[PDB]
Amino acid sequence: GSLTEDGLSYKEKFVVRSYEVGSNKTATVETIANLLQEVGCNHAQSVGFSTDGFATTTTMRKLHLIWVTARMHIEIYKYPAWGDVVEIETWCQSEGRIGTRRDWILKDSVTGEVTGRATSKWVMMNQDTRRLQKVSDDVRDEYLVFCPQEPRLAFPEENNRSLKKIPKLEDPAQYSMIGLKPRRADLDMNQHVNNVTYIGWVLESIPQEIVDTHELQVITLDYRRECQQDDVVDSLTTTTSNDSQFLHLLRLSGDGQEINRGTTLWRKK
Amino acid sequence: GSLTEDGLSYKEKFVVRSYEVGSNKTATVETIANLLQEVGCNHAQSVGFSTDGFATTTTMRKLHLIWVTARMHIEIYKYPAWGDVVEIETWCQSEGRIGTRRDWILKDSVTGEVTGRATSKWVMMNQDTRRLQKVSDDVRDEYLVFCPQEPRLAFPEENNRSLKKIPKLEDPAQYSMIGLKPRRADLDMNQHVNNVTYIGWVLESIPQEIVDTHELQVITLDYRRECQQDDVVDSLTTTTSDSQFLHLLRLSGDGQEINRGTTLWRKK
Ligand SMILES: NCc1noc(-c2ccccc2F)n1
Ligand SMILES: NCc1noc(-c2ccccc2F)n1
């Protein structure tokens, strides 16, 4: 991959691998999410920021500050088949003091048609204390020369699903998968659970008959709290709905501490 | 990637990704194992065999026959760092009626130095009845024009590590990780548990202090029986010593064996 001509975005091509595809012989949403974070990292690398998933400045490193994902929103129109080449363009934009947005556009490299889009909200957190804080002006300005100054949105539309509030699933859940635990392959280089793992865990409580008769069009996931290496997760799903829609909750298997909530939208094949 | 000049081997380059590396910022043995499987598939594709992990002929398809892994053996001298290019060359060779071998050599693209090698034994199985059978002469012949005729071994040395018998760990195990279950991401396109998942499960009962102060040099893993989508696995490890370990995977209920193995680790 490379920075584009204006230096304000980053593009990379990926060949979908045998082990990245599901029963449809196309890429899983987890492979897609992995590729989003790969191009995100390579973009950080390309302009001198940290390449540990946190994309930090020297200023932030001095202060033990990191970026953490608050929300992921992914919309897929066609999943790339095994052997197919998918092109991903990615950029960031500050949303003032709240935090920053990273957005992506996925294309068929052959036709150049848009096959998916994603957006994510990130917030600044002290690494050690876990306390959020508004982005300081010194730090803001470090990033602004790497971001477009005119609004550029993967999700322009006035009211769009990427910004909707997600309610809290009430017991009893229609469906559950109990006792989920991360293994070493679920951890990043920092030994923190990889954000994509939580997508896997959300989808584990979707009944197999849905997965066999539907394709995932939209997923929205909020991140509240991280699952530690030694934590155990319960995944909860309730039907809310030709389209199928679900409300989702991840919570710690003991005390029921919320770690994530989300929605998915599925369309008959 | 591409078949090489003589058409009897296949080569591919891989850029190591951010999410593919562990705490040392180098590729995990599971990332390596996945790339072995990927070049294997691309080699099958390049000469017209099935691309579903089974590399079947049209004959085998009529008979509902598949190739199944009996043994994986992997030796790594240097794990590629994030952003590094690793080149993997791969080839198959018939071992008569017993089955076939796929071998790999891993290189640093920049230096051309060997950074690891792997070998695997495959047996022929009826996919419905799960009965083994020796390889048909008509099936042998279909594969011989795509394999070297002169012996070509990742592990040439008589009685090397890759051919040793693995004994059955006896209770009580020194270390365990219990109640392991596959998720949808551990399944392939056939909805069978991916072979690399059993590698992750073996290593889950290595103490963290070992992983933190050692690098994995050798893994040998026998595959005896499949974990189904809805099965639950216990992972057992005992120190047999460099650090060495004996490994056993078995179903959480009745203690049916699915895998046994060994690992060898060196202090950093
Ligand atoms: N707006 C805040 C911001 N946060 O990251 C970035 C960023 C920009 C370009 C390349 C990598 C990057 F991480 N900007
Ligand atoms: N010896 C039996 C055998 N089994 O696979 C092969 C094989 C050869 C070349 C390319 C792909 C292949 F799968 N041969």
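Residues numbered from 1 in each chain as written, not as in the entry; some residues may be left out. Chains lettered and ligands numbered in written order. Heavy atoms only, no water.

Caption draft 1: Structural context of the interface of chain A and chain B. Opposite the 45 residues of chain A that make contact, chain B presents 43 residues. In terms of surface lost to chain B, no three residues of chain A exceed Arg183, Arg184 and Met189 of chain A, which account for 23% of the buried area on that side. The interface formed by chain A and chain B contains six salt bridges. Among the salt bridges present, the one from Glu30 of chain B reaches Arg183 of chain A, with a minimum N-O distance of 2.7 Å. If you look at where chain A meets chain B, you find 19 residue pairs in polar contact. Sorting elements by how many residues they give to the side of chain A that touches chain B places helix 1 (residues 29-46) of chain A first, with eight residues. Split into classes, the residues belonging to the side of chain A that touches chain B amount to 18 nonpolar, 15 polar and 12 charged. (Contact = heavy atoms within 4.5 Å. Buried area = accessible area lost by both parts, 1.4 Å probe. Salt bridge = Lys/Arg side-chain N within 4 Å of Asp/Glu carboxyl O. Polar contact = N/O pair within 3.5 Å; in protein donor to acceptor, adjacent residues only side chain to side chain. Helix = DSSP H or I, 4+ residues; strand = E, 2+ residues; numbered from the N terminus. Nonpolar A, V, L, I, M, F, W, Y, C, P; charged D, E, K, R; others polar.)

Caption draft 2: Just the site of ligand 1, in detail. All names here are of chain A. Residues in contact with ligand 1 amount to 14 residues; listed here are only the nearest, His43, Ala55, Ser94, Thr100 and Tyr143. Burial of ligand 1 by the protein chains amounts to 98% of its free accessible area of 340 Å². Elements with a minimum of two residues in the shell around ligand 1: helix 1, strand 4 (85-94) and strand 5 (100-108). Tallying contributions element by element places strand 4 first for the shell around ligand 1, with three residues. The class makeup of the residues in the shell around ligand 1 is nine nonpolar, four polar and one charged. (Near = heavy atom within 4 Å. Areas by Shrake-Rupley, 256 points an atom, 1.4 Å probe, with all protein chains shown as cover.)

Caption draft 3: Quick look at the UniProt feature "active site" in chain B. Residue and element names in this part refer to chain B. Within this structure's numbering, the places UniProt gives as "active site" are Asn190, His192 and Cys227. Annotated residues spanning 38 residues; largest pairwise C-alpha distance 13.7 Å, indicating a single compact cluster. Mapped onto the fold, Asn190 is located in the loop between strand 7 (175-180) and helix 4 (195-203). Residues contacting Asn190, with those up to four places away along its chain left out, are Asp52 and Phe54. Accessibility expressed as a relative area gives 1% for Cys227, which makes it buried. Beyond its immediate chain neighbours, meaning those up to four positions away, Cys227 contacts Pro182, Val193, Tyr198, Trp201, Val233 and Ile258. (UniProt positions renumbered as here; feature names shortened; annotations may be inferred. Buried < 20%, exposed > 50% of the residue type's maximum accessible area, 1.4 Å probe, protein only.)

Caption draft 4: A look at the packing of aromatic side chains. Residues and elements named next belong to chain B. Scanning the model with the defined rule gives 10 aromatic pairs over all chains in all. Between the aromatic rings of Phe49 and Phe146, the centroid separation amounts to 5.2 Å while the plane-to-plane angle is 80°, which identifies the pairing as edge-to-face. Of this pair, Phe49 sits in the loop between helix 1 (29-46) and helix 2 (58-62) while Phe146 sits in the loop between helix 3 (137-144) and strand 7; the two residues are 97 residues apart in sequence, bridging distant segments of the chain. Residue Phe146 is classed as partly exposed on the basis of its relative accessible area of 24%. Between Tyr198 and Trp201, the ring centres sit 5.6 Å apart and the planes meet at 85°, which makes this aromatic pair edge-to-face. Of this pair, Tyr198 and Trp201 both sit in helix 4, three residues apart, roughly one helical turn. The exposure classification of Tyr198 matches that of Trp201, with both residues buried. (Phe/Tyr/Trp six-rings, centres within 6.5 Å; stacked < 30°, edge-to-face > 60°.)

Caption draft 5: Quick look at the UniProt feature "active site" in chain A. Residue and element names in this part refer to chain A. Residues annotated by UniProt as "active site" correspond here to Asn190, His192 and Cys227. Within the fold, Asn190 resides in the loop between strand 8 (175-180) and helix 4 (195-203). For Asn190, a relative accessible area of 25% puts it in the partly exposed group. Discounting residues that sit within four places of it in the chain, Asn190 has contacts with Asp52 and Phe54. Within the secondary structure, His192 sits in the loop between strand 8 and helix 4. Apart from the residues lying within four places of it in its own chain, the contact partners of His192 are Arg130, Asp186, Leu187 and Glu226.

Caption draft 6: Highlighting the domain arrangement of chain B. Residues and elements named next belong to chain B. If you check the domain split of chain B, you get domain 1 (2-163) and domain 2 (175-267). For domain 1 versus domain 2, the separation of C-alpha centres amounts to 20 Å. Listed per partner, the contact involves 21 residues of domain 1 and 21 residues of domain 2. Buried surface at the junction of domain 1 and domain 2, summed over both partners, amounts to about 1,900 Å²; 47% is from carbon and sulfur atoms. Between the two partners, domain 1 and domain 2, sit two salt bridges. Taking the shortest distance from any N to any O, the salt bridge between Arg130 and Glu226 comes out at 3.6 Å. Between domain 1 and domain 2 we count nine residue pairs in polar contact in total. Contributions of two or more residues to the side of domain 1 that touches domain 2 are made by helix 1 and strand 3 (65-76). Among the elements that line the side of domain 1 that touches domain 2, the one with the most residues is strand 3, at eight residues. (Domains from an automatic or database assignment.)

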